[PDB]
Structures are given as C-alpha cells and as structure tokens.
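So the sequence shown is residues 1 to 161, counted in the deposited numbering. Quick reminder that beta carbons are idealized off the backbone N, C-alpha and C, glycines included.
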Amino acid sequence: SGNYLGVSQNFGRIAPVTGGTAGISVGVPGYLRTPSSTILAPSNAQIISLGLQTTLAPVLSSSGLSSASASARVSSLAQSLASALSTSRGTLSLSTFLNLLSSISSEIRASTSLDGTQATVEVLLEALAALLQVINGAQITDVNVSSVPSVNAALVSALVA
C-alpha cells in the first residue's frame with residue numbers, strides 16, 4: 001500500500017505500516033544475506049574493506065617495514081575467517097579474487113618484484129598464516145588458496161624464478 005501523506009491529512013499518527021513481502025524469498029536470502037535490506041548495502045565499501053584494510057595496514061602500522069608487511073597479509077587472513085563468521089564463508093570469487101591477490105602482493109611489495117630472499121622465509125610464514133587463519137575458528141572448508149595466483153605461488157616463484 002501507500003503511506004505517502006497517508007492519502008489523508010490525519011497521517012501524522014500513522015507510521016510507515018508498509019513493506020514485508022520480499023518476493024519469492026520471505027526472510028530467506030541464504031545466497032546473498034547482505035547485512036542490510038538494501039540490495040548491495042556494502043556499496044563498494046565493506047566489500048572493498050577486504051582491500052582497504054591491507055592497503056592501509058602499512059600506512060597505519062608506521063610504514064611497510066619487516067613487521068607491518070606481514071601484519072597486512074595476516075590481517076586479511078584474520079578478516080577472511082571473521083567475514084566467514086558474518087554473511088560470507090571466507091570467499092568472494094574464483095577469477096576476480098586473483099585480480100585482488102595480484103594487487104595485494106604489489107601494494108605491500110613483498111611476494112612480488114623485490115621477492116627473492118625474504119620471500120623464501122615468507123613461504124613458511126604464510127604457510128603458517130594459512131594454518132593460523134583456520135586455528136582462529138575453522139569453519140571446516142574455510143581456507144581458500146585459489147589455483148596459483150593467491151599471493152602464495154609468488155613466494156615460490158621468488159626463490160625458483
């Protein structure tokens with residue numbers, strides 16, 4: 001129905017008693033349980049915090065030093081589980097996520113271009129981070145590694161170029 005001027009000037013005591021029928025999906029989203037009733041409520045915001053958190057991690061943790069660059073990627077792995085405890089299951093996409101991981105290596109600079117000696121150690125630090133991110137709460141199937149370009153094949157291609 002329509003609460004616009006309540007169709008009569010008496011509407012000042014008639015709240016918006018309209019809305020409830022959600023099409024063929026009466027309170028049952030499942031595939032897209034968005035945390036607000038507004039189609040894409042994370043309107044290139046919260047869904048981009050899966051980038052912005054690690055883009056700004058070295059910027060907020062006092063530059064891209066030999067602790068902050070690990071902290072940035074470890075923080076994304078910690079949010080991977082925390083996002084699974086929310087609407088998601090620690091996943092996003094299968095080919096579009098690779099375009100993210102190719103940038104996530106570039107912005108903290110390790111696991112791309114300069115990758116050659118520190119990157120040999122980082123393969124064990126992120127093999128541990130992939131086990132730590134499940135030790136954090138283990139939702140049974142919650143450890144995405146894509147098909148190679150997952151900020152992880154770069155740590156081997158650093159030492160075995």
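Quiz item: Is the Cβ-Cβ distance between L101 and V151 less than 8 Å?
Solution: A contact, by the Cβ cut-off of 8 Å.
Quiz item: With burial defined as no fewer than 16 other Cβ atoms inside 10 Å of the residue's Cβ, what is the status of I104: buried or exposed?
Solution: Classification of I104: buried, given that the 10 Å Cβ count is 16 or more.
Quiz item: Which residue's Cα is closest to the Cα of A153: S111, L128, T21 and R73?
Solution: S111
Practice problem: Helix, strand or coil for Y4, going by three-state DSSP, please let me know. | Solution: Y4: helix per DSSP, three-state reduction.
Quiz item: Relative to the C-alpha of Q118, which residue among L65, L81, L85 and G137 is closest?
Solution: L65
Exercise. Determine the DSSP secondary structure at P149, reduced to helix, strand or coil.
Key: Correct three-state label for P149: coil.
Quiz item: In whole angstroms, what separates the C-alpha of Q133 from that of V74?
Solution: Looking at the backbone, the Cα of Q133 and that of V74 are separated by about 8 Å.
Quiz item: What are the boundary residues of the alpha helix (DSSP H) that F97 is part of?
Solution: In this chain, the alpha helix (DSSP H) harbouring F97 covers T96 to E107.
Quiz item: Measuring CB to CB, does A130 end up less than 8 Å from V143?
Solution: It is a contact, given that the beta carbons lie within the stated cut-off.
Quiz item: For the candidate residues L92, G23 and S113, whose alpha-carbon lies nearest to that of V145?
Solution: From the listed residues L92, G23 and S113, the smallest Cα separation to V145 is found for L92.
Quiz prompt | Burial state of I39, where buried means 16 or more other Cβ atoms lie within 10 Å | solution = By the neighbour-count rule (16 or more Cβ atoms within 10 Å), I39 is not buried but exposed.
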